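Here is how the chains run, residue by residue.
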Amino acid sequence: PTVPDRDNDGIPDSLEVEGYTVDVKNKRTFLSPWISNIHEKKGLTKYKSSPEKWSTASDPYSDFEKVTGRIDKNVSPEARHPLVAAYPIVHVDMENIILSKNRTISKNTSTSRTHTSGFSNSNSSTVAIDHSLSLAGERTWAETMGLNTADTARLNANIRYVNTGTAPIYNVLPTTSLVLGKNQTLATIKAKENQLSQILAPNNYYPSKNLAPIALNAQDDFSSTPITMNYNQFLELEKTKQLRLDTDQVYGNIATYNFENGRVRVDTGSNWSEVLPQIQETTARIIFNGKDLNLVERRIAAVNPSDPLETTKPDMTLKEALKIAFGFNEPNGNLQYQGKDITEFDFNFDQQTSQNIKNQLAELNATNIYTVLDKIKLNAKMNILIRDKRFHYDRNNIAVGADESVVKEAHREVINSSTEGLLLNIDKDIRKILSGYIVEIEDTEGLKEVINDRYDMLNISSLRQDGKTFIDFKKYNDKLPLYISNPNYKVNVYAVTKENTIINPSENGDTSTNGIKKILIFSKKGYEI
Amino acid sequence: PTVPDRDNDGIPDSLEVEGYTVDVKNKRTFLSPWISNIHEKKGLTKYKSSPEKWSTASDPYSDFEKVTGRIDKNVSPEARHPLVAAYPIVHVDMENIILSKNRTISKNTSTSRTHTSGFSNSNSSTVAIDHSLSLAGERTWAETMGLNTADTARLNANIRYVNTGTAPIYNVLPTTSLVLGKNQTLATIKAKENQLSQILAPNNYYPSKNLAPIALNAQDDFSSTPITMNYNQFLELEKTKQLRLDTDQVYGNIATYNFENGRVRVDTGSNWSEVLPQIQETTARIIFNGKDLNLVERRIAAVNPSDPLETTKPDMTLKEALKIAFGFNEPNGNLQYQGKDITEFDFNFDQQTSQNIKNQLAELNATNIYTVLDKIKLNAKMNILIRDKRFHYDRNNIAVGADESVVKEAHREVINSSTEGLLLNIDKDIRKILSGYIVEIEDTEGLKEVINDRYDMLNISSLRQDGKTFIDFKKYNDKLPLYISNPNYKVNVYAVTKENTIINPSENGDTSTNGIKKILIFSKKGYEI
Amino acid sequence: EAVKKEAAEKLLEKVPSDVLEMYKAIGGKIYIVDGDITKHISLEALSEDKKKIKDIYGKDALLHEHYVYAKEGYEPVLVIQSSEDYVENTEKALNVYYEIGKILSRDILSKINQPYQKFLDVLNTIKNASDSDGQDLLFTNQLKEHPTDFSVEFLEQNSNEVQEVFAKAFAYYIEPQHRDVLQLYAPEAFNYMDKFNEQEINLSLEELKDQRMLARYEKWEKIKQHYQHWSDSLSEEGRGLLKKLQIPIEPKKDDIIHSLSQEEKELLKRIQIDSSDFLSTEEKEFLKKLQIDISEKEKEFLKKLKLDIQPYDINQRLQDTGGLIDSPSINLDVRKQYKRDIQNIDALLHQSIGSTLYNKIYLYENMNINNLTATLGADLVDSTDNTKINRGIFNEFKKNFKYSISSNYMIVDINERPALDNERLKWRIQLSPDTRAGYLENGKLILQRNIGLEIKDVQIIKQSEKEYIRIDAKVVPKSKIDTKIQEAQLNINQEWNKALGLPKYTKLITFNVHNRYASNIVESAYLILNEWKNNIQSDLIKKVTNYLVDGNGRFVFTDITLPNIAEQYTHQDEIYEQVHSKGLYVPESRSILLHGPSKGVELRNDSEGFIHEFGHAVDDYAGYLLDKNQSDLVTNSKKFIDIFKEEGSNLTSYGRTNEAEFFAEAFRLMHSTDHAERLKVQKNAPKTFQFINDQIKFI
Amino acid sequence: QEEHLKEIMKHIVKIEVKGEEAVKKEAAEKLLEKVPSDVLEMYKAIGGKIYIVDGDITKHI
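Structure determination for this entry is recorded as cryo-EM, at 4.2 Å resolution.

Going by the PDB entry, chain D carries the name Lethal factor and comes from Bacillus anthracis.

Per the PDB entry, chain A carries the name Protective antigen and comes from Bacillus anthracis.

In structure tokens form, the structure reads like this:
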């Protein structure tokens, strides 16, 4: 009658080993053993867990509390499943900069969370500075700022913090250092003290998109120009136009749930820097770019044959991991994510993991992993990266290009065309790997007139408030309507993908789009327009 | 004997799920199951709550403590009901400024708490400064203050704090940053130290209307003029005449009730900054502008399908929410707010919320929400905005105008008319959407002479101490009585609504009320006057 | 299923005294079904307009909707629409209890006419309670409109309304969570249900079985086998003795006539028979029979004769003597005759009732109210309609009726039988396994003597259009009651010692009582003396009390015949000097004796009986103060004898008897509570009025 | 602290009022109680017994 539950985690042993489920009874919640036939019709998920671990994930939330909902209500749903560690991952996002000398270059920046290869448990980002020339007269970066060989420029940027993880941080915000090139550390942004009293829930901004971003330069008297930068440095920057933002994991304290009064209180004893290492040492880490081709990281608890205590965890087959971590489902028993079949994805493995999986496929006598997916055992310390198979990628695992045919197919729907511009509707994901467009007109006898014959100009495609892509050639046409020397002359439009773009003037300071690999994107005659 | 109480909150389970109420028996209070026939004559409200939550609302007050009254006596009455979260909402009100250069522009201001749109959970306000000329000769600020291109002006404002929430704050006072334009942060208001020893009960000012408002500039030696302001900045201000006040949610400690001896002591463990996140992720938010056209926000506990624990809360239909949150009642079984039927109000939904309600409206086969109102299910996180259907609104959801026809009825009651002015009695609410009046004279043959023919000369309407509006003609006249060239000449009075007002001289500095959209408001001949 | 059946199982488990047992007895059945719309062959026979039902709150009405319903007649069966949420859903459970309580009151209790009056007064107390909350809770508007208080006719005329109010209360009490609610708004009602559902309900069940003759026979049969060995071992002397006990033994005239044989018989021949107050009516018939065959010193010879013509009635001596068998109140030979038979009978009841074969058994006995108190018995029955009882006199009777003791041999029945006209009491006696008793073949039982009984309740019940008094009882050791009497003795004596000024420890109001109406007698002392004190001049009491205390005399209140107490017999010394009446005064012992049980053929109440005896003692002291050496009364002084010759006949004929009693009648009258009476004696005996004031002057 | 309140509470708050004159009778009886009962029997046997007056002891018959 006692009911033995050694781990002291509320759920009894047999329940944990065999399978249980939470089910709301009219207004009272009770825990029940899985009955195959009567629970299935209501769409309840079959849980499993460890009878010997107070928190199977090893994160600060018990097996019981998570599934019952007795937990900080901010943890994202996807982490409600008993086998996914919920923990924070903070990186910094820089939106725009301004420059001067210890005539102000104010450019908007774009950042992407990065990942490179032997990849380690440390967050880093990579900013890319806009190259298009916002001002006509701002030829030559060296001159627009009266920069001298023995001068120094001051940098003043705007940044915000982004949480793409699964758990909240409370007081602290991590210190993080900017670095140019391979090893030239320009500055480390101080960790302001007792000022980040607000909360960073997953998928939220700090400060939120509705507030002024934190000025990077203090604007106070702490240092006149904390971010000094020698001449050679500025040159290096012009040649690379790319920075790195490395951050450590010194987050704050943890909020735990108290049974006596149901209060979620911030405990001053527990600190994330003690929990994170265990999790990072007992889970397989999977990176997925399905949602928006951005690096989303999830962690699953896997078995390690070598450890007695660890054999207690439920054997976890890959397919289910994918099912519970991201939203994959089986309408007809075929794995798919919002239409896209599983076969459209790549599998990349670290050398260790490679060896292990080669073994697993050897004891099964199979060659196509896509079939035997549900018979593959996951072990501890595997690292898996699943990226869409259709796109080309660079060294920093950022989406950088793609095969032309997909690109062309993405345009076969011309919603409108006039002498004032095009109003297209392209799938929101593609227009982030296209740097810009070169528009040109072709005489009936094979001539070629490129309107924006300047590399910077390319950026001519804006987006209307109704999600319709709109190309405004007017800005670089000197506010002159597009002229056509022949109602029979075809108008050709080409698109340039990121991978094939140029970021600085060429050898002979070429401004023409000649040596650029160009893809044909449009061709309507003059009468058709 | 067991009388099971899982949530451990004093009220037993069965009572909590179906409905209970406390009723005073001669001098002793006890808990009883709702009896339909014996309580209704006594006028008690039927409560419901969650048997598995120490505080169904999730705010720092237990289900049991709150309804019985063993609780801090400052929580506003309407928030005593268990399904209305009680928490603070602080914004800042600035009463008047004065200007000079590091010939003093001293103007009185009026502020309104703002909210704009994808609208997020962060308090901010917006002041609008009157443009009217207090002094005749004070044309052009640039000259009234000897401001030069290379000069600097000093800013000195007066502010007071208003608590429009539902719970008291004790120790701390919020940080708040001043911002002109889109992103030019002029100042962050210091957190005065060991000075907010007073209390902010709901609907109160700190300090009270009887005391000097807190001078913004320290008047001490901290910074001579922290709020410097370059020339170009002053220009931005001149075109927009508007400011923004961004404030965060870093409140103080919490006042809790101790059952053993009834002492309410401020516990140093609980801090509002750990609780707000809970509220913000588990309630549906209802914003209402009914009372005085000021935005009052309330939060209601709604169910969230995805979470077992959350499914326990009593189902909450919209109809009761308005009843229990604001004071709506059923004189004749028809929902109305102080006479005004529900049909005179708009329903606006966030894109998320919109989608959800469309589903709910389909399985009921209805098109007019006003019918199935009591059949609309609330899910967690909808944000709902109920505004008076009769008035026009601007981008920041502030009351800004109305249909002209409505304006006229508000004037059909001429209590008296003479050659010295009108003493009207207008509904206090309309006379906050009228910027000023145009006075004009009409020759017996149809000519038109407008007395106050300057953009900044409209503030001619005062209010008498008995709430009777009194219009003074002699103000912007020559301190002379009213002349009439013909007892047959018609006397017209014009009103100018906010939306149609000008805030700066035009291109060619026009000051005439020519290009102002005017609605006809009055026309009496000389005999009537 | 398993849980649903278990769910129902738990519901029925809360029912208090397993009301299923009477329910099955009336042929009721319990069915767990689904879809009561779609109901069952057992039901569906009444699909009519009556399909509209009102829940506890009175709102809904739909045969399909509501889950609980009962057949409502002719061995009704109830359908509950079985489900699984009944355990936790109170609002769903209340209706289950509400209808189950409704069939009990409408079909069960109605079959035996209870509730009757006992519930009615609760009702009256509800519409007349200070706060108007409670009424609203237990009855609809139809009842609310009643302008006056609820009488028995109203309950019998509607009966639908009462069943409704009753059922609701039953329901609220069984549901654990609402019990507290009940106590707050209807305290008395809670009290009623509280005592109802936990002791009388078991008592109530048996009477239901008591109507089926077969059941009665089974109980009777079950008693037979237990007594087979004892019965088989009965001797002739026991049965012969037992035979005598059942039937009263009549004296034979021929034996007595042959027993006198002297001149007294001739003397008796010519005597004015119809002129003796001492003789009673029944004794005159005996004398009249003898007279056919055959105010001076001849009435003294009649006193002896009275002590010899009484019938041989064993049971009767026993109450008269209170268990003191050695009383020298009768001839020694007769005394020897009685003592042997009872002691022999005492040995006969050697078999104890105690067994493992049976639990709580209740027995009944019909008894005449005039046997306990002819004073109450004289006005107990409604003057106009003998089938109803006047509540006003009833209220006095129940007041202090709390426990009783039986010193004689109880003759009890086994099954209730119709009573004779003069039997209005219906006793329900519980027994203890330790009580010694004898069994009778004629369907009666003989209990051992010296049994103690505590009264648990006093109520009016209805049966076959005639009114009765229902009295329950539990047998207990007499000693437990005896302890109450001494502690009661001390409470009363200590109080009056302070009020009078006497030494703390005097034994003055000592009373020894062993009869059926004991408890009221004791409490009635706390009232006779209060009226006694407030009405007499303070200095007279102290002075007179001093006289009594100066000797060992004590007041003695009893429930046995005066000639048998202790003091009376010893000093008189003559056997024939015995006297019995409502009161008596012994000058020699200076004691006042008050026999409660009898009723003064003249006196209006008990206090007057006391005052009369009080007169006799006081009259003695006045004469004592005149001269100490001589023992004499106030009369025999030439200044009073004459006064009796003139005014002696201007008042009641009873006082005209002689001088001694004459003083006593006037004494109460001059101090009567009705000033008119005082005025009356003034204008009827003016001389005495100044005379009496002269003896009391001596102070 | 919560412990101590109870003991003081019982001593001071007399729940019901015996009455104006009952206390007098109750006081004397308790007093004579402490003397061994056997003494009282000896007193009665030798005759007179103690009676409690209420007024000025100086004036009694």
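Structure's up, so let's keep going.
Along its length, chain D carries 3 helices and 0 strands. Over its C-alpha atoms chain D spans a radius of gyration of 19 Å, topping by over 25% the 10 Å that the globule rule assigns to 61 residues. Expressed as lengths along the three principal axes of its C-alpha atoms, the size of chain D is roughly 55 × 30 × 20 Å.

With that settled, the discussion passes to the overall build of chain A. Helix and strand counts for chain A come out as 9 helices and 28 strands. Taken along its principal axes, the extent of the C-alpha atoms in chain A is 95 × 60 × 50 Å.

Its salt-bridge partner being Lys428(B), residue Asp292(B) comes within 2.4 Å of it at the nearest N-O pair. Here the residue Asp292(B) occupies a position in the loop between β14 (283–288) and β15 (296–301), and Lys428(B) occupies one in the loop between β22 (423–424) and β23 (434–441), the gap between them amounting to 136 residues. Residue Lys377(B) is joined to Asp315(B) by a salt bridge in which the shortest nitrogen-to-oxygen separation is 2.9 Å. One end of the pair, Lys377(B), is in the loop between α9 (351–362) and β19 (383–386); the other, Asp315(B), is in the loop between α7 (308–311) and α8 (318–326), with 62 residues separating them in the sequence. Here the salt bridges do not stand alone but share partners, grouping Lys25(A), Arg28(A), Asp13(B), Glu84(C) and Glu88(C) into one network.

Residue and element names in this part refer to chain B. Looking at the secondary structure, you find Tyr61 in the loop between α2 (36–40) and α3 (63–68). In this structure, the C-alpha to C-alpha distance between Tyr61 and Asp13, residues 48 residues apart in sequence, is 18 Å. Not counting residues within four places of it along the chain, the set of residues in contact with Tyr61 comprises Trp54, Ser55, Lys66, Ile71, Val75 and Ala255.

A separate point is the packing of helix α23 (residues 518–533) of chain C against helix α26 (residues 606–626) of chain C. Between two packed helices, the angle of one axis relative to the other and the distance separating the axes together describe the packing. Residue and element names in this part refer to chain C. Axis separation between α23 and α26 bottoms out at 10 Å; the angle between their running directions is 60°. Looking at the two axes, α23 sits oblique to α26. The two elements α23 and α26 meet at a crossing, and its hand is right-handed. On α26, the residues that touch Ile528, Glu531 and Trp532 of α23 are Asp606, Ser607, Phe610, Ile611 and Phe614. Looking at the contact of α23 with α26, its residues break down into 5 nonpolar, 1 polar and 2 charged.

Residue and element names in this part refer to chain C. Judged by centre distance (5.7 Å) and plane angle (70°), the rings of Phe119 and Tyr192 are edge-to-face. Of this pair, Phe119 sits in helix α4 (residues 118–127) while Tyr192 sits in helix α10 (residues 187–209); the two residues are 73 residues apart in sequence, bridging distant segments of the chain. Aromatic side chains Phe610 and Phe614 sit 6.4 Å apart centroid to centroid with 20° between the ring planes, which places their arrangement in the stacked category. Separated by 4 residues within a single helix, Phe610 and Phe614 lie in helix α26, roughly one turn from each other. Site record: aromatic cluster; members linked through ring pairs are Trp496, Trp532, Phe555, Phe557, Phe610, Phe614 and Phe667. Directly above the ring of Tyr403 sits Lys484, whose terminal nitrogen or CZ lies 3.2 Å from the centroid.

About the cut-offs
- Residues numbered from 1 in each chain as written, not as in the entry; some residues may be left out.
- Chains lettered and ligands numbered in written order.
- Part of a larger assembly, values for the part shown.
- Heavy atoms only, no water.
- Residues with missing side-chain atoms left out of burial classes, pairs and counts.
- Helix = DSSP H or I, 4+ residues; strand = E, 2+ residues; numbered from the N terminus.
- Rg over C-alpha atoms; globule rule 2.2 N^0.38 Å.
- Salt bridge = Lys/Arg side-chain N within 4 Å of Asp/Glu carboxyl O.
- Contact = heavy atoms within 4.5 Å.
- Axes fitted to C-alpha atoms, helices over the stretch in contact; angles between N-to-C directions.
- Parallel < 35°, antiparallel > 145°, perpendicular 65-115°, else oblique.
- Left-handed = near helix turned anticlockwise from the far one by under 90°.
- Nonpolar A, V, L, I, M, F, W, Y, C, P; charged D, E, K, R; others polar.
- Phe/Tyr/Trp six-rings, centres within 6.5 Å; stacked < 30°, edge-to-face > 60°.
- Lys NZ or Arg CZ within 6 Å of the ring centre and 35° of its normal.

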